[PDB]
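The structure appears right after this line, and notes come after that.
Please treat every number below as a calculation from the coordinates, not as lab data. Ideal geometry is used to build each Cβ from the backbone, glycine not excepted, and the neighbour counts take in all protein chains shown.
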2 protein chains.
Amino acid sequence: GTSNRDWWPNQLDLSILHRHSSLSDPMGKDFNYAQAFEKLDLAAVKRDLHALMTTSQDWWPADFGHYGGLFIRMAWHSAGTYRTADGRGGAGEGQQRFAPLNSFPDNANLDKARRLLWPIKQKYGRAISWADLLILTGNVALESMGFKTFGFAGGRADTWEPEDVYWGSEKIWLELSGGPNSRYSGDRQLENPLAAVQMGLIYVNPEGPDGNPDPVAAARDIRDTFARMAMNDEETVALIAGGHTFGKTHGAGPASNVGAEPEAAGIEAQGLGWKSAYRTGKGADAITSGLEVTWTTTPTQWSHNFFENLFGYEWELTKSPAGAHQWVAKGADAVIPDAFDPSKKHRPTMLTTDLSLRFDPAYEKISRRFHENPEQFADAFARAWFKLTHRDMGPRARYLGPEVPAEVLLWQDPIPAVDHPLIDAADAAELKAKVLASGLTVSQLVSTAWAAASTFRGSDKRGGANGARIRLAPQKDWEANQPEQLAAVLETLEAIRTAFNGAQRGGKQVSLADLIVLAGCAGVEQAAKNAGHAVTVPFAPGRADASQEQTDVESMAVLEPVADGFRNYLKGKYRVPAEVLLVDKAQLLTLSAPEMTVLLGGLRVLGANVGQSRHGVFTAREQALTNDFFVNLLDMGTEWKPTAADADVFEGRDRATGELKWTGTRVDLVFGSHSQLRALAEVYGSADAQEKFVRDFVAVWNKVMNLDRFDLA
Amino acid sequence: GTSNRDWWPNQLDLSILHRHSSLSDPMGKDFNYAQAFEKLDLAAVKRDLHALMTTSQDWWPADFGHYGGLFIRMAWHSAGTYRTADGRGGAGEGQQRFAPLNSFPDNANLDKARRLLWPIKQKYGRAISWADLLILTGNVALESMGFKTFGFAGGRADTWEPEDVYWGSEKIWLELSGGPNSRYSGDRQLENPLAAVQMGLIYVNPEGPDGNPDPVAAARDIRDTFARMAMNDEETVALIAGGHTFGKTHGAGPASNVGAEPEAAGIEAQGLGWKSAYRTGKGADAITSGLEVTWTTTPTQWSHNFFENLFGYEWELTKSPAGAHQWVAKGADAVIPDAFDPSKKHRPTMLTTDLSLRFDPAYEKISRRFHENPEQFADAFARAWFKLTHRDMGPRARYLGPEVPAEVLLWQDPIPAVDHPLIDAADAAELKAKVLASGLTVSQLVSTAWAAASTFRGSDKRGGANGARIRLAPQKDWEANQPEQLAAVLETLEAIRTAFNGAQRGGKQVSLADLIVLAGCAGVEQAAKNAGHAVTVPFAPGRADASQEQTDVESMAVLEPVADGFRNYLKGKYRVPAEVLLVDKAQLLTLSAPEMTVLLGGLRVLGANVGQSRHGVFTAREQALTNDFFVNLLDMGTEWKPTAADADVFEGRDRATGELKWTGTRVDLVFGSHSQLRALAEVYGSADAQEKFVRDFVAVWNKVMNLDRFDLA
Ligand code: HEM
Ligand code: HEM
Ligand SMILES: [Cl-]
Ligand SMILES: [Cl-]
Ligand code: NA
Ligand code: NA
């Protein structure tokens, strides 16, 4: 069946904005997962998980009689797809159970892990999501094997279809670099937003870069991919060495024995994959990665044996039974237990990427300190495990249950608690009047609030206007934010704030985070008034102001908009066309297509463009809230052509006289070109639509202002 | 970006069930198009359309000063995609304005026609849909040119995204038959459900079959495609000769001058396509099809000149200026006006497919009758034009506005008016109890109601339980409907009906159509009670009983289910896997994936399978409404293998003992295989889900019972 994608493989895809509809969700429209989880008997679920660790099933027998290592790897892979560049991937949506991640080669035999958890899932039902279950099982695995975790939060609601993530352009699983769709260029530079080295891997290749078994060069890949997953050197060494304290790899025979991944398997496989023709196909004969390495002398117990082995032996290159590159300890005795036969022992072995922890000079120093101070190792691994498994959960207000750690961590982008009465409706009216009397213009107020609120992304629930981080480094210096203009607005608003707060009694005060938002609302109200409409814009107080010391400047950098079609902004020239970047931004903002459309058309006429660009400003009454963008965009009286100087800027001329009427970018004109977007533009550009336009605009403005308001959930 | 469809091009596609979400719709949740249309000033719209017909725009000048022919072609193409096999295509959703139809080669330059209508669309806004406007425009064209139409109904609500239709498997536009993805086999047999001869055409190739200019052979393609669009010989001749009374074709120069179709064009083209480098690119220089034929001596006026020319000349094969095969009148004078130069005239010309109407012996008889009796022609054309443009609109109850024809036509599948009081809630209770006391079983009651209601398809809004056509030919003899079993049920129900109606006063009576549905309701309630659960299944009376004489048996044939996964039924062996046919059925029933899942699981355990097959009956308490299908399907204690006899039937055996527990088809086991459907099955298979399962099952049962109830809209 030939599809629209087949005919026009480069037209824009809007289906990403309409995922996760109430249509595909089996739960009712009023289901609230937080409320269900809060009633779960978490202690009961943990008991069951503890029992499961040593209840071996014959269809995938437990190594050493204990599933703990398999489960830790399942949890680490669940979390391990996370990229800081867009916040996509991670454990927070349980996406390991859907395509493509359920069939990524690095996720081989994790299908067995998840199927082992079905009886507990079934027993507790909607009160524990798959997403939370995958992480909780990893924690219980650690605890059962003697490692005290730092804590656990529930609240990851399940999702019901695949997320649309760009995992790369390669058309071959595991393709090495330099191909027609290479994710590398230059001096081993990984393309943004990717955080893994090959299609179908979590982070790096365990044999070494493109399969070359050089621990030093592997270390560079480890550092880069881990930093693109929000982890620094200390955290990276702690996580790899901590994880490889447990369990083993699987490579008992040639890989050619392993059959189709789950999404390719026959219907009789009932959702499992990688069926192996090698001997019994499981247990002692398992093939997962193709490597055959067991790290410690007690693989089912927390120990300090990883760094004792790493440093206590010299290492020789060898091959696994499947032909993969790995390392064996020179002159060692057979001290490592076999997973199934008590009469067999094995020499210590390591992966290339484990040896990175010793032969990279920066890692070596941390590794040595961990070897000499095992309590430092344990603490670091516990903290890092918590961060790994919660990094995509968003503000601490979303954390549920009795095991949430009290300690506030910097990577959580913490917001102080509010400890004073909030402003009421009369106070809001008084503050809006002050803002409008100060001389701040509609353009300035809308631009500033937009800048503050639109850093939110629903992928990891970072960003938004709570915190007033727009006043701090680095947001106050971002080019998209117009630093000089922004400074002048913030000085004015800070003076309003100070004057209001200083006149109060009874502890009442307004945050700058709330005032920025409130001021934007006043601009929208004033713009409606300019167009002859009496409109009230909803506002919810309660934001607090974070400090600079609570704002990690390096972690904030990934939130910088380098493309923001809602302000007609593009920081540089990119290979991806700007309308694709607009839809990507709309997805991160949680906007539907109708919402994106109404929002952009209104922001254009309110003066929200960076630099006051006239691109897309299709009105003679700027700063008035009208549907003029749509009416003028769709006027067949205007003909459009790309300019000679710049093919991504277009001129709109009167068709009869040739006179220049407007200019526009690709983001502006896509609304008059794409057949679905133009159908939406036509509704808002119709003669019966002015009031609809206004009311839909206020709704989506308010939505954006509230995106991070999990304190009101 | 590599997608799941790239990796697993044969996995099942569920996204067709989640189109049309509230996410993609710009109108509010409460928007009701019928209420908007009912207050449209339809007379004022028509006056504006009438003025438009002779108001030429210089960016697409009007032929002969009149856009009427262009607009008739536009309307005919909007309607002309309809296929009776699945009811897909047609004018009823305005899909001409979306991909791919907006860019079908046969739709070339209808982008200009739609653009001409934007000022009118814009003026009347949400009170006239694009879908309705396209048809209305063709009617006003006809009327302005002196043709009396049969009438017009509004009510086609706009849609906001492309429908997923299988248009064929060819990967090249207009590919000739016989290629690697040929839609023909055997002796020129077109594959179901297609109704056109080449990818990107409406019906046939105007040059002749695969370009061979033989009118006799062309006639065969015309008859077959038009029959597959629900038109017979009389209607086919009336429509082709009627349409070609007006306007002209466009082929002024070589086709290589014409550029990209709209979906491929640059963003500056603002939704238009086919831009032509030939001279002025428009008007006198237009190229659309590549043919250059003008049929009559008055192309802007209704006449009987088409048949006067067809029969009053002999015809010679020639070529257009673009090199296409066409025909010219031997020895003729230049009597046809030129479209732009009043000093030029032309000889009469014809397409190959026009000459079919004289050289096919069956068409020739009708064409001669039309020639000698042009009043017969006019009436046939007007009726056929109404049918063409309304054939996918559904029951007459959906027809809106002041020009609906009063005449009831057989093709409407008409439902008699109800002229008596309806049963009330207490009557419904009395009838349910009588049904249950008669000895009819849950299985019989469920199966019969299912059979009656599930003929509905949302593609053309035909079928459903209204009418009680299950008791008539041909439904009563369809194999899926289990004719002998069905006859026994209907006799019992008819006795109940007769007794209840004979005891009433005041004219109150119950239809058999209502009673069939009510009796199914009683079966579902009794199945719930069998499982220990008291529920009331909603029921809405007001169906009426149609007669045999009001039922076209040949038109009803396309509604026969040859595949119905909800009854585990496949009439024969098909190339398309059965799970794909289940999702197709679910789409036609308007079901989401969750709805499909719950419904199937419940039908399995109620005894709804055809023939009482045990396939998928994963319960030891058949006729009790439980979630046993899901609990048993998902139990990892059971291992599944295809049988030796039949690779599409699977045995579920105890994993430890080998004992046979169940048998299943592909339709049953896809719910334990596909990663999205398994996620759904897991919710209903959970230990907390019994209440949920029952409530969702009752809800989707009731939805199916009401699919054709546009009297309650
Ligand atoms: C450079 C990063 C890493 C690389 C290249 C890597 C590589 C791998 C490979 C190849 C296996 C074998 C899979 C198989 O054949 O069964 C594996 C196993 C495992 N990894 Fe890692 N790993 C990395 C980081 C992590 C991290 C951060 C953790 C957890 C904190 C982790 C925990 C585990 C555990 C517990 C196992 C054993 C699984 C079993 O017992 O079944 N590893 N690792
Ligand atoms: C065998 C069936 C048919 C064939 C192969 C066919 C073919 C065509 C072609 C090739 C053109 C010229 C396109 C262009 O170059 O502009 C066209 C024009 C047109 N056809 Fe048909 N047609 C068929 C049936 C119909 C039917 C059923 C109607 C309406 C009742 C219709 C009404 C029109 C009109 C009015 C035009 C003139 C358009 C203009 O003036 O711009 N045709 N036909
Ligand atoms: Cl994701
Ligand atoms: Cl359709
Ligand atoms: Na994420
Ligand atoms: Na249809």
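At 4 °C and 1.567 mPa s, what whole-number value in µm²/s does Stokes-Einstein give for the translational diffusion of the protein assembly as shown, with Rh from the Kirkwood sum over Cα pairs? Working shown, then result.
Values: Rh = 35.4 Å.
Reported coefficient: 37 µm²/s.
Between B:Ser547 and B:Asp424, how high is the FRET efficiency from 1/(1 + (r/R0)^6) when r is the Cβ-Cβ distance and R₀ = 25 Å? Nearest 0.05.
Details: r = 27 Å, r/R0 = 1.07.
Rounded to the nearest 0.05, the efficiency is 0.40.
What percent of all Cα-Cα pairs in the stretch A:1-146 falls into each 5 Å bin, going from 0 up to the bin containing the maximum distance?
2, 8, 15, 18, 18, 15, 10, 6, 4, 3, 1, 0
Less than 9 Å Cβ to Cβ from A:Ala153, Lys/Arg counted +1 and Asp/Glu -1: what total charge do the surrounding residues give? Intermediate results must be reported in sequence, preceding the final value.
On the way: positive: A:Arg156, A:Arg396, A:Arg398; negative: A:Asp132, A:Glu403.
For residues surrounding A:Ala153, the net value is +1.
Just order A:179-185, B:672-678 by mean Cβ neighbour count inside 10 Å, highest at the front, would you? The partial results should precede the final answer.
Working: A:179-185: 14.1, B:672-678: 22.3.
Result, highest mean first: B:672-678, A:179-185.
Relative to 2.2 N^0.38 Å, what does the C-alpha radius of gyration of the stretch B:393-460 come to as a ratio? Two decimals please. Present the calculation step by step, with values, prior to reporting the outcome.
Numbers: Rg = 17.2 Å, N = 68, 2.2 N^0.38 = 10.9 Å.
Compactness ratio reported: 1.57.
How far, in whole Å, is the nearest Cβ of chain B from the axis relating it by rotation to chain A, and which residue carries it?
Value returned for chain B: B:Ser21, 2.
Quote the relative contact order of chain A in percent (integer), defining contacts as alpha-carbon pairs under 8 Å separated by 6+ residues.
Details: 1259 pairs, mean separation 83.7, N = 713.
Relative contact order of chain A: 12 percent.
Once the Cβ-Cβ distance between A:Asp646 and B:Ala397 is put in as r, and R0 is 56 Å, what FRET efficiency do you end up with, to the nearest 0.05? Show your work: numbers first, answer last.
Details: r = 56 Å, r/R0 = 1.00.
Result of the calculation: an efficiency of 0.50.
Mind checking A:165-174 for the average number of partner chain beta-carbons within 10 Å of each residue's beta-carbon?
Details: counts 1, 3, 3, 2, 2, 1, 3, 1, 2, 0.
Mean number of neighbouring Cβ atoms from other chains: 2.
To the nearest 20 debye, what is the magnitude of the charge dipole of the protein assembly as shown about its Cα centre, counting +1 on the Cβ of each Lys and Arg and -1 on the Cβ of each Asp and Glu?
1060 debye
Across peptide A:22-35, how many C-beta atoms of other chains are within 10 Å of each residue C-beta, on average?
On the way: counts 6, 12, 11, 6, 15, 3, 3, 0, 0, 0, 0, 0, 0, 0.
Taking all residues of A:22-35 together, the mean is 4.
Could you grab the relative contact order for the stretch B:511-585? Cα pairs under 8 Å, six or more apart, rounded to a whole percent. Numbers along the way, then the final one.
On the way: 48 pairs, mean separation 17.9, N = 75.
Dividing the mean separation by the residue count of the stretch B:511-585 yields 24 percent.
For the stretch B:410-561, compute Rh as the Kirkwood radius over C-alpha pairs and then the Stokes-Einstein diffusion coefficient at 25 °C and 0.890 mPa s; write the answer in µm²/s, rounded to an integer. Don't skip to the end; give the middle numbers.
On the way: Rh = 15.9 Å.
Roughly 155 µm²/s, to the nearest whole number.
Taking 1 over the mean of 1/r across every pair of different Cα atoms in chain A, what Kirkwood radius in Å do you get?
Values: mean 1/r = 0.0360 Å⁻¹.
Taking every pair of different Cα atoms in chain A, averaging 1/r and inverting gives 27.8 Å.
With charges set only on the Cβ (+1 for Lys and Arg, -1 for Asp and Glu), what does the dipole of the stretch A:168-372 come to about its Cα centre, in debye to the nearest 20?
On the way: 19 positive and 27 negative charges, 64 e Å.
Computed charge dipole of the stretch A:168-372: roughly 300 debye.
What average number of partner chain Cβ atoms lie no more than 10 Å from the Cβ of the residues making up B:117-127? Present the calculation step by step, with values, prior to reporting the outcome.
Numbers: counts 0, 6, 4, 0, 5, 10, 3, 3, 8, 5, 2.
The shielding value for this peptide is 4.
Could you give each residue of the stretch B:328-333 its phi-based ³J(HN,Hα) in whole Hz, using Karplus coefficients 6.51, -1.76, 1.60 with θ = phi - 60°, and x for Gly or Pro?
10, 6, 5, x, 7, 6
Using mean Cβ contacts within 10 Å as the protection proxy, how do B:149-156, A:468-475 order, highest first?
Details: B:149-156: 22.8, A:468-475: 20.6.
Taking the mean over residues of other Cβ atoms within 10 Å, the ranking is B:149-156, A:468-475.
Taking the Cα centre of the stretch A:565-688 as origin, work out the dipole magnitude from +1 charges on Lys and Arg Cβ and -1 charges on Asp and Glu Cβ, in debye rounded to 20. Don't jump to the answer; show the numbers that get you there.
Details: 14 positive and 15 negative charges, 84 e Å.
It comes to approximately 400 debye.
How compact and how long is the stretch B:503-621, expressed as Rg and Dmax of its alpha-carbon atoms in Å?
Reported Rg and Dmax, both Å: 17.5, 56.
How big is the stretch A:65-212 by the Kirkwood estimate over distinct Cα pairs, in Å? It would help to have the intermediate numbers written out before the result.
Details: mean 1/r = 0.0607 Å⁻¹.
It is 16.5 Å.
One quarter of the convex hull surface, Cα atoms only: what value does that give for the stretch B:188-249 in nm²?
On the way: hull surface 18.3 nm².
Computed as one quarter of the Cα hull surface, the answer is 4.6 nm².
Assuming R0 = 25 Å, can you tell me the calculated FRET efficiency for the pair A:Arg47 and B:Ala687, based on Cβ-Cβ distance, to the nearest 0.05? Walk me through the numbers before you get to the answer.
Values: r = 16 Å, r/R0 = 0.65.
For A:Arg47 and B:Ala687, the calculated efficiency is 0.95.
Mean projection of the alpha-carbon convex hull of the stretch B:140-248 over all orientations, in nm²? Each step should come with its number before you reach the end.
Details: hull surface 37.3 nm².
Mean orientational projected area (the stretch B:140-248, Cα hull): 9.3 nm².
I need the Debye-formula profile for the stretch A:565-688: one equal scatterer per C-alpha, no solvent, reported as log10 I(q)/I(0) at q = 0.12, 0.18 1/Å, two decimals.
Values, matching the q order: -0.41, -0.97.
Could you tell me the relative contact order of the stretch B:597-670? Use alpha-carbon pairs under 8 Å, at least six residues apart, and round to a whole percent. Provide the component values of the computation, followed by the final result.
Working: 109 pairs, mean separation 19.7, N = 74.
The normalised contact order for the stretch B:597-670 reaches 27 percent.
Volume per residue, Å³, of the convex hull around the alpha-carbon atoms of the stretch B:286-354? Could you put the intermediate results ahead of the total?
On the way: hull volume 6.8 nm³, N = 69.
Normalising the Cα hull of the stretch B:286-354 by residue number yields 99 Å³.
Cα centroids of the stretch B:434-472 and the stretch A:667-713: how far apart, whole angstrom?
Cα centroid to Cα centroid, the span is 44 Å.
So what's the projected area for the stretch A:168-372, the Cα convex hull averaged over all directions, in nm²? Don't jump to the answer; show the numbers that get you there.
Details: hull surface 51.1 nm².
Mean projected area of the Cα convex hull: 12.8 nm².
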